[PDB]
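Working notes, beginning with the structure itself.
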Amino acid sequence: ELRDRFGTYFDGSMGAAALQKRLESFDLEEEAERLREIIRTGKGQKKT
DNA sequence: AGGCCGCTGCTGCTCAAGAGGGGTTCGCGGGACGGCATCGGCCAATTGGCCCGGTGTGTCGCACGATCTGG
C-alpha cells in the first residue's frame, strides 16, 4: 500500500541485498565520532 | 506517564509410467592402401694359418770326467 501510494522518495529491499546496499553507503567515520562523543559525555549502560 | 537505573530470570556457547522423435557415440567389420620385413646369392676383404729360409741364444737329452760325501 505505502509503495503504491508514495513509491518515490525512498527505496526498500529484502534479504542480503538490502544489507549489501546499506554496507556500501555507510559512513564509518561519522558513526565512530558519534560513538566517541557519547562515550565522553554519556554514562550508564549506554556507555558500555 | 515516559525515561531511566538497576535487579532478576532466561537463554546460549564452550571444556570435558509409458511412448515418440533426433543427434551422437562407438563398435563391429571391412577392406584398401602403403609400407617394411624376410630369403637365394657372393666375392675378395681385415685378422689368423701355415709354412721356406737363414743363423743365433738358450733349454733339454744325454756322453766323458773331477770332487766329495757317505757306505
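In PDB author numbering, the protein residues as written are 243 to 290. Ideal placement from N, C-alpha and C gives every residue a C-beta, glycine not left out.
Within its chain, find whatever has a CB closer than 8 Å to the CB of residue i; leave out the 5 residues flanking it on each side and keep chain order.
i: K289; result: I280 and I281
Counting only the same chain and skipping the five closest in sequence on each side, list residues whose C-beta sits under 7 Å from that of residue i.
i: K263; result: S255
Which ranges would you report for the beta strand (DSSP E) in the segment 247-287 if only whole runs of at least 3 residues count? none
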